[PDB]
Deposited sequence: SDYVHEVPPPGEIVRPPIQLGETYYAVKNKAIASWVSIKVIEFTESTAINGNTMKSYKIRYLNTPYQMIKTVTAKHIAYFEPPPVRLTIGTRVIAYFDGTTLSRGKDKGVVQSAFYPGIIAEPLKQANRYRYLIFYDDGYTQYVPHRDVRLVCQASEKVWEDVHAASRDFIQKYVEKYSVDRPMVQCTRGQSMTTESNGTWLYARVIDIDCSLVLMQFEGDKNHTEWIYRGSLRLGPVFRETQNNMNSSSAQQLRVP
């Protein structure tokens, strides 16, 4: 169902328990692990810095790594609904299917059919149900500081300078807009709409379609509306 609001708790990581953690690259897939060793280091100043030795589960041979709590996520979905700015891993299926890091961009609500809007670290965006998210075991007070350097500045403006009155493009299927794709500003047509997302098809290829955030500066009209202030 829709979990109720409440306290978003981060219990301490336990020895022998199952979690998710960064497989290799931090912005890539997070997979099943067992916490096999706990490391704690304390300096003359006071800061007690925690580390965790993890064993990757379901592997061809023993694979061990040392990571921080910022690179580990709980195995079960939270018992409460999550809010904007919450650091998560969200399950991407894509019609490779796996857990990738992101930020809750929208909470669960009627207006979005009780789905979280995810802004993945790699720049991808999708609507995911509550059951497909896991809370990251630790986060910075400034959550964009935990986000891959690629989407960092976008997350910072979105979260830190958050406004419900931010420019959002109003569109209908069949309209065309100038749309940015990997450095190039191309011609794109609205194919589908899903609440805060718009499905754009770039003029070059009909198989080149992408779900874009309607408030993204990758859409020319949004960029135009933002320049005029």
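Of the deposited sequence, the ranges 1 to 5, 101 to 111, 246 to 257 have no C-alpha coordinates according to the record.
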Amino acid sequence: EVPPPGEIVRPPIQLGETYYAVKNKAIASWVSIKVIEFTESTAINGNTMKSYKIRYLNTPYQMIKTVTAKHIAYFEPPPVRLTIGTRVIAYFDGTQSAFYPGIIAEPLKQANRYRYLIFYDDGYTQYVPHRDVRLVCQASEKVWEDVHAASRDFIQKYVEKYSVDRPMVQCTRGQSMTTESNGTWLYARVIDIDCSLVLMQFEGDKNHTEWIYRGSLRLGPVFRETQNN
From here on, numbers count along this sequence of modelled residues.
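Set 1 to 9 against 220 to 228 and average the Cα temperature factors; 220 to 228 ends up higher. Higher mean CA B-factor, judged across 41 to 49 and 196 to 204 from the recorded values: 41 to 49. The maximum CA B-factor among the listed residues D132, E76, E106, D93, taken from the PDB record, is found at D93. Within the listed group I89, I72, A150, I155, the record reports its top CA B-factor for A150. Ranked against the other modelled residues of its chain, the C-alpha B-factor of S97 as given in the entry falls in the highest third.
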